[PDB]
Amino acid sequence: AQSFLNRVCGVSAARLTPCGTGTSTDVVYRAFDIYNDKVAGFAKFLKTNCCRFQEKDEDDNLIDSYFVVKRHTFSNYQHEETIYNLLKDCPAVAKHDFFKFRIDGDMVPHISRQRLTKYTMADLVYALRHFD
Numbered sequence: 004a005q006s007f008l009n010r011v012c013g014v015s016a017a018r019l020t021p022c023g024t025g026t027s028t029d030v031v032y033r034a035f036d037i038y039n040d041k042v043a044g045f046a047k048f049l050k051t052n053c054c055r056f057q058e059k060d061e062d063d064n065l066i067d068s069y070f071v072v073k074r075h076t077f078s079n080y081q082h083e084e085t086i087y088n089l090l091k092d093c094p095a096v097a098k099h100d101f102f103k104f105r106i107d108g109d110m111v112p113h114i115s116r117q118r119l120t121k122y123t124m125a126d127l128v129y130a131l132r133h134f135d
C-alpha cells in the first residue's frame, strides 16, 4: 500500500519520496568487498534486496540523504536488534530503526537505516582504483 511509507518516516522529517517502485525493493549496481566460503575479492556486484527512499529538503528540494530499508530473515532481525541496542551510544553510528510490517499475511521484519548517503566509501575507493 502507501501507509508503509508513513511507517517508514517514523517520527522525523517525513519529507520522503519513493526512490523507485512501490512496497518492494529496488536493484542497484554497486561495488563490494566480500569474502566467505565461496566468492572472495573486492569487485562489482548487483545488490537487490533493498528499498531506497530519498529525503526531500524544504522547498521540495532533493537533498543528499536516503532512508534505506532492507528485508531480511528473522534471527537476523533479533541478532541485529541485540547488537544495535548494545552499541547505540557511540556517535559514529547511523541511527537504525527495526520493526515488522505486514504485506500479505506476513508481518515481515524490516530494518530502516536513516539519513545515510548514496555512495559508500567502497564506491569511491573502487572508482579511484579501477578508473577508466
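Each residue of the sequence shown is one higher than the one before, counting from 4 in the entry's author numbering.
All residues carry an ideal CB built from backbone N, CA and C; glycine is no exception.
Alpha-carbon to alpha-carbon, residue j and residue i
| i | j | result |
| --- | --- | --- |
| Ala16 | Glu58 | 8 angstroms |
| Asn9 | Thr24 | 16 angstroms |
| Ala46 | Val30 | 17 angstroms |
| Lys41 | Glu61 | 46 angstroms |
| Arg18 | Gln5 | 14 angstroms |
Environment of residue i [buried if 16+ CB atoms lie within 10 Å]
| i | result |
| --- | --- |
| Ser115 | buried |
| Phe56 | buried |
| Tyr122 | exposed |
| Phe70 | buried |
Range of the contiguous alpha helix (DSSP H) that encloses residue i
| i | result |
| --- | --- |
| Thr85 | 78–90 |
Spatial neighbours of residue i in its chain, beta-carbon cut-off 8 angstroms, leaving aside the 5 residues before and after
| i | result |
| --- | --- |
| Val72 | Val11, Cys53, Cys54, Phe56, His113, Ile114, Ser115, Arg116 |
| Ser68 | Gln57, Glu58, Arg118, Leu119, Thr120 |
| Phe77 | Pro112 |
Residues near residue i by beta carbon distance below 6 angstroms, same chain, minus five either side
| i | result |
| --- | --- |
| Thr20 | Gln57, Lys59 |
**Cβ contact check for the region 75–88 and the region 33–49: 3 or more pairs under 8 angstroms** = Taking 8 angstroms as the limit for Cβ pairs, the verdict is that the region 33–49 does not touch the region 75–88.
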